[PDB]
Amino acid sequence: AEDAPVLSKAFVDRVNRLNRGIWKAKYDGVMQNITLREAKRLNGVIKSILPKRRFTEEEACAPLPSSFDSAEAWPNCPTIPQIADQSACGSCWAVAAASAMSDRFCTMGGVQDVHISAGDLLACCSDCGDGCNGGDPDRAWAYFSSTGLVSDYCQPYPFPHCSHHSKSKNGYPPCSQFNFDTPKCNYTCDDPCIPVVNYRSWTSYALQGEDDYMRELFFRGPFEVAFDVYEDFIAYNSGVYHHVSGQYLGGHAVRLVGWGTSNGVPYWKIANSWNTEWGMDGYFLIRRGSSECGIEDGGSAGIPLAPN
Ligand SMILES: *[C@@H]1O[C@H](CO)[C@@H](O[C@@H]2O[C@H](CO)[C@@H](O[C@@H]3O[C@H](CO)[C@@H](O)[C@H](O)[C@@H]3O)[C@H](O)[C@H]2NC(C)=O)[C@H](O)[C@H]1NC(C)=O
Ligand SMILES: *[C@@H]1O[C@H](CO)[C@@H](O[C@@H]2O[C@H](CO)[C@@H](O)[C@H](O)[C@H]2NC(C)=O)[C@H](O)[C@H]1NC(C)=O
């Protein structure tokens with residue numbers, strides 16, 4: 001909608017006061033100068049077509065910890081702790097997915113480093129939605145079930161690291177400088193000196209509610225969840241976020257990579273698709289058990305098929 005910045009030092013300070021210092025919102029953070037229309041852009045979930053997840057007796061009848069990081073359960077999967085930068089697209093839906101299919105190619109797919117192309121997914125699945133006007137996580141995985149994607153070595157994400165700071169530590173351009181339409185769906189690799197490689201799942205499925213999220217994350221590794229972003233979420237800097245103030249900005253897809261307890265507050269460690277500048281080194285914590293902003297509502301995962 002408006003060119004109205006989303007963060008006001010009244011707003012942030014009211015939010016900070018409301019949240020009961022459980023999580024520090026921040027005014028002069030990395031999103032301070034953000035536009036209503038920009039922030040809505042970032043949240044690209046629009047619109048089950050996947051079968052619901054069946055736990056084997058022993059999956060369901062097992063003892064999940066009360067902390068868990070995928071990075072640490074899988075020290076040898078470099079894909080996990082890497083943080084993506086969707087950029088100035090409503091591409092989170094695709095970026096969220098590819099990030100986890102990369103990770104699952106390691107956790108199960110017997111391929112250490114392979115970054116699945118959010119490029120490929122974001123352009124070529126017209127089933128999923130309309131590139132950078134947003135799409136459906138469910139579909140993303142159904143396409144990796146049906147069609148399959150190429151790696152980011154083949155169709156590297158076509159939008160650079162842009163920043164939402166004046167001065168940037170990691171010396172990025174501003175995101176207020178760009179705004180990107182769906183890219184050309186290509187059928188060979190960007191470089192022609194590189195061959196195409198199909199990567200697919202032999203089964204995608206869907207998840208629901210606190211528990212299923214923890215079993216699925218544990219056994220099979222990070223996967224893709226969405227929640228409703230509220231203005232307040234933009235100012236987030238530390239601690240376990242929960243919606244206290246601000247208008248709804250759309251549905252935003254993120255990679256669930258952990259859970260844990262902080263001074264008696266249940267949380268989900270999550271990998272946010274906006275740079276490593278935003279939140280806590282690119283990640284955020286969100287309240288868990290409340291299904292806060294509906295995080296525990298819709299979850300999308302799959303088992304990467306090991307090639308040849
Ligand atoms: C499919 O292939 C093409 C590459 O042939 C990709 O579209 C191209 O995206 C590149 C960046 O990845 C664009 O470069 C840009 O050019 C404009 C100048 O007009 C400039 O403003 C930007 O700073 C940047 O240098 C290129 O123009 C664009 N070309 C076409 C034909 O779309 C596309 O992103 C690829 N899709 C996937 C899924 O990787
Ligand atoms: C938010 O907006 C303004 C842009 O008008 C930024 O203010 C200037 O930033 C430069 C360096 O980046 C400083 O040298 C000046 O002191 C600032 N004031 C001026 C030019 O009057 C501000 O830094 C922006 N903040 C963020 C975090 O983006």
# chains A, B, ... in the order shown; residues from 1 in each chain; ligands from 1

call {"tool": "closest_atom_pairs", "arguments": {"of": "region 191-273 of chain A", "to": "region 93-114 of chain A", "cutoff": "10 Å", "atoms": "only C-alpha atoms", "output": "JSON lines"}}
result
{"residue": "A:199", "atom": "CA", "partner": "A:105", "partner_atom": "CA", "distance": 9.1}
{"residue": "A:200", "atom": "CA", "partner": "A:101", "partner_atom": "CA", "distance": 8.9}
{"residue": "A:201", "atom": "CA", "partner": "A:101", "partner_atom": "CA", "distance": 8.5}
{"residue": "A:219", "atom": "CA", "partner": "A:107", "partner_atom": "CA", "distance": 8.6}
{"residue": "A:220", "atom": "CA", "partner": "A:107", "partner_atom": "CA", "distance": 6.4}
{"residue": "A:221", "atom": "CA", "partner": "A:104", "partner_atom": "CA", "distance": 6.1}
{"residue": "A:222", "atom": "CA", "partner": "A:100", "partner_atom": "CA", "distance": 5.5}
{"residue": "A:223", "atom": "CA", "partner": "A:100", "partner_atom": "CA", "distance": 5.1}
{"residue": "A:224", "atom": "CA", "partner": "A:97", "partner_atom": "CA", "distance": 5.7}
{"residue": "A:225", "atom": "CA", "partner": "A:96", "partner_atom": "CA", "distance": 8.1}
{"residue": "A:226", "atom": "CA", "partner": "A:93", "partner_atom": "CA", "distance": 8.2}
{"residue": "A:251", "atom": "CA", "partner": "A:93", "partner_atom": "CA", "distance": 9.1}
{"residue": "A:252", "atom": "CA", "partner": "A:93", "partner_atom": "CA", "distance": 7.1}
{"residue": "A:253", "atom": "CA", "partner": "A:93", "partner_atom": "CA", "distance": 5.0}
{"residue": "A:254", "atom": "CA", "partner": "A:96", "partner_atom": "CA", "distance": 5.1}
{"residue": "A:255", "atom": "CA", "partner": "A:96", "partner_atom": "CA", "distance": 5.4}
{"residue": "A:256", "atom": "CA", "partner": "A:100", "partner_atom": "CA", "distance": 8.7}
{"residue": "A:257", "atom": "CA", "partner": "A:100", "partner_atom": "CA", "distance": 9.0}
{"residue": "A:271", "atom": "CA", "partner": "A:96", "partner_atom": "CA", "distance": 8.5}
{"residue": "A:272", "atom": "CA", "partner": "A:96", "partner_atom": "CA", "distance": 8.4}
{"residue": "A:273", "atom": "CA", "partner": "A:96", "partner_atom": "CA", "distance": 7.0}

call {"tool": "write_last_selection", "arguments": {"atoms": "C-alpha atoms", "output": "short mmCIF file (atom, residue, chain, number, x, y, z; two decimals), in the first residue's frame"}}
result
data_model
loop_
_atom_site.label_atom_id
_atom_site.label_comp_id
_atom_site.auth_asym_id
_atom_site.auth_seq_id
_atom_site.Cartn_x
_atom_site.Cartn_y
_atom_site.Cartn_z
CA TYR A 199 17.00 -33.06 -8.30
CA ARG A 200 13.56 -34.30 -7.03
CA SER A 201 11.73 -35.82 -3.99
CA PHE A 219 14.38 -37.25 12.01
CA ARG A 220 14.37 -35.60 8.58
CA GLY A 221 15.81 -32.08 9.14
CA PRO A 222 14.79 -28.45 8.51
CA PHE A 223 11.58 -27.91 6.50
CA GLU A 224 9.26 -25.04 5.42
CA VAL A 225 6.55 -23.35 7.56
CA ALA A 226 4.71 -20.01 7.14
CA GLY A 251 1.99 -14.67 4.84
CA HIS A 252 5.79 -15.24 4.97
CA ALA A 253 7.53 -18.66 4.52
CA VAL A 254 10.62 -19.49 6.68
CA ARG A 255 12.85 -22.57 7.33
CA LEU A 256 12.29 -24.23 10.74
CA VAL A 257 15.77 -25.36 11.96
CA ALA A 271 16.04 -19.12 9.46
CA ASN A 272 14.74 -15.80 8.04
CA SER A 273 15.18 -15.28 4.27
#

call {"tool": "residues_around", "arguments": {"residues": "residue 169 (chain A)", "least_positions_apart": "4", "cutoff": "12 Å", "atoms": "only C-alpha atoms", "output": "PDB file with N, CA, C and O atoms, in the first residue's frame"}}
result
ATOM      1  N   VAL A  30      17.731  -2.702  11.445  1.00  0.00           N
ATOM      2  CA  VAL A  30      18.129  -2.858  10.018  1.00  0.00           C
ATOM      3  C   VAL A  30      16.885  -2.649   9.153  1.00  0.00           C
ATOM      4  O   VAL A  30      17.018  -2.666   7.919  1.00  0.00           O
ATOM      5  N   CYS A 162      20.804  -7.464  -1.368  1.00  0.00           N
ATOM      6  CA  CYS A 162      20.517  -6.040  -1.072  1.00  0.00           C
ATOM      7  C   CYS A 162      20.251  -5.909   0.431  1.00  0.00           C
ATOM      8  O   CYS A 162      19.859  -6.912   1.046  1.00  0.00           O
ATOM      9  N   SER A 163      20.474  -4.715   0.981  1.00  0.00           N
ATOM     10  CA  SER A 163      20.391  -4.377   2.426  1.00  0.00           C
ATOM     11  C   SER A 163      19.221  -3.414   2.650  1.00  0.00           C
ATOM     12  O   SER A 163      18.801  -2.764   1.675  1.00  0.00           O
ATOM     13  N   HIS A 164      18.706  -3.358   3.881  1.00  0.00           N
ATOM     14  CA  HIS A 164      17.676  -2.389   4.349  1.00  0.00           C
ATOM     15  C   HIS A 164      18.304  -1.444   5.401  1.00  0.00           C
ATOM     16  O   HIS A 164      17.535  -0.822   6.168  1.00  0.00           O
ATOM     17  N   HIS A 165      19.646  -1.329   5.431  1.00  0.00           N
ATOM     18  CA  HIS A 165      20.434  -0.336   6.221  1.00  0.00           C
ATOM     19  C   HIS A 165      20.917   0.766   5.270  1.00  0.00           C
ATOM     20  O   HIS A 165      21.113   0.470   4.074  1.00  0.00           O
ATOM     21  N   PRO A 173      24.178  -3.393  -1.543  1.00  0.00           N
ATOM     22  CA  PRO A 173      23.341  -2.288  -2.014  1.00  0.00           C
ATOM     23  C   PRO A 173      22.099  -2.121  -1.138  1.00  0.00           C
ATOM     24  O   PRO A 173      21.831  -2.967  -0.287  1.00  0.00           O
ATOM     25  N   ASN A 275      18.533 -11.798   4.561  1.00  0.00           N
ATOM     26  CA  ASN A 275      19.917 -11.381   4.887  1.00  0.00           C
ATOM     27  C   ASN A 275      20.358 -12.035   6.207  1.00  0.00           C
ATOM     28  O   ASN A 275      19.498 -12.646   6.878  1.00  0.00           O
ATOM     29  N   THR A 276      21.642 -11.914   6.564  1.00  0.00           N
ATOM     30  CA  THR A 276      22.212 -12.258   7.902  1.00  0.00           C
ATOM     31  C   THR A 276      22.345 -10.995   8.763  1.00  0.00           C
ATOM     32  O   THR A 276      22.860 -11.096   9.894  1.00  0.00           O
ATOM     33  N   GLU A 277      21.920  -9.850   8.227  1.00  0.00           N
ATOM     34  CA  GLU A 277      21.885  -8.551   8.941  1.00  0.00           C
ATOM     35  C   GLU A 277      20.667  -8.576   9.861  1.00  0.00           C
ATOM     36  O   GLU A 277      20.801  -8.209  11.043  1.00  0.00           O
ATOM     37  N   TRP A 278      19.533  -9.042   9.350  1.00  0.00           N
ATOM     38  CA  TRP A 278      18.243  -8.951  10.076  1.00  0.00           C
ATOM     39  C   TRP A 278      18.213  -9.959  11.227  1.00  0.00           C
ATOM     40  O   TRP A 278      18.863 -11.005  11.098  1.00  0.00           O
TER      41      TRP A 278
END

call {"tool": "closest_residue", "arguments": {"among": "A:283, A:172, A:11, A:180", "to": "residue 241 (chain A)", "atoms": "only C-alpha atoms"}}
result
A:283

call {"tool": "closest_residue", "arguments": {"among": "A:284, A:259, A:55, A:268", "to": "residue 235 (chain A)", "atoms": "only C-alpha atoms"}}
result
A:284

call {"tool": "residues_near_ligand", "arguments": {"ligand": "ligand 2", "cutoff": "6 Å", "atoms": "only C-alpha atoms and all ligand atoms", "output": "ChimeraX atom specification"}}
result
/A:28-30,32-33,165-167

call {"tool": "residues_around", "arguments": {"residues": "region 135-139 of chain A", "least_positions_apart": "2", "cutoff": "8 Å", "atoms": "only C-alpha atoms", "output": "PyMOL selection string"}}
result
chain A and resi 44-50+91+93-94+97+127-131+133+141-143+206+224-225+253+299-300

call {"tool": "atom_distance", "arguments": {"atom1": "CA of residue 25 (chain A)", "atom2": "CA of residue 229 (chain A)"}}
result
13.8 Å

call {"tool": "closest_residue", "arguments": {"among": "A:117, A:234, A:263, A:270", "to": "residue 196 (chain A)", "atoms": "only C-alpha atoms"}}
result
A:117

call {"tool": "select_by_dssp", "arguments": {"residues": "region 38-230 of chain A", "states": "helix (DSSP H, G or I)", "output": "ChimeraX atom specification"}}
result
/A:38-41,57-60,70-73,92-107,118-124,131-133,137-145,209-220

call {"tool": "residues_around", "arguments": {"residues": "residue 285 (chain A)", "least_positions_apart": "2", "cutoff": "6 Å", "atoms": "only C-alpha atoms", "output": "list in words"}}
result
residues 240, 267, 268 and 269 of chain A

call {"tool": "residues_near_ligand", "arguments": {"ligand": "ligand 1", "cutoff": "9 Å", "atoms": "only C-alpha atoms and all ligand atoms", "output": "ChimeraX atom specification"}}
result
/A:117-124,152,154-160,178,182-191

call {"tool": "closest_residue", "arguments": {"among": "A:115, A:17, A:288, A:53", "to": "residue 303 (chain A)", "atoms": "only C-alpha atoms"}}
result
A:53

call {"tool": "closest_residue", "arguments": {"among": "A:65, A:5, A:51, A:239", "to": "residue 280 (chain A)", "atoms": "only C-alpha atoms"}}
result
A:239

call {"tool": "atom_distance", "arguments": {"atom1": "CA of residue 86 (chain A)", "atom2": "CA of residue 132 (chain A)"}}
result
9.7 Å
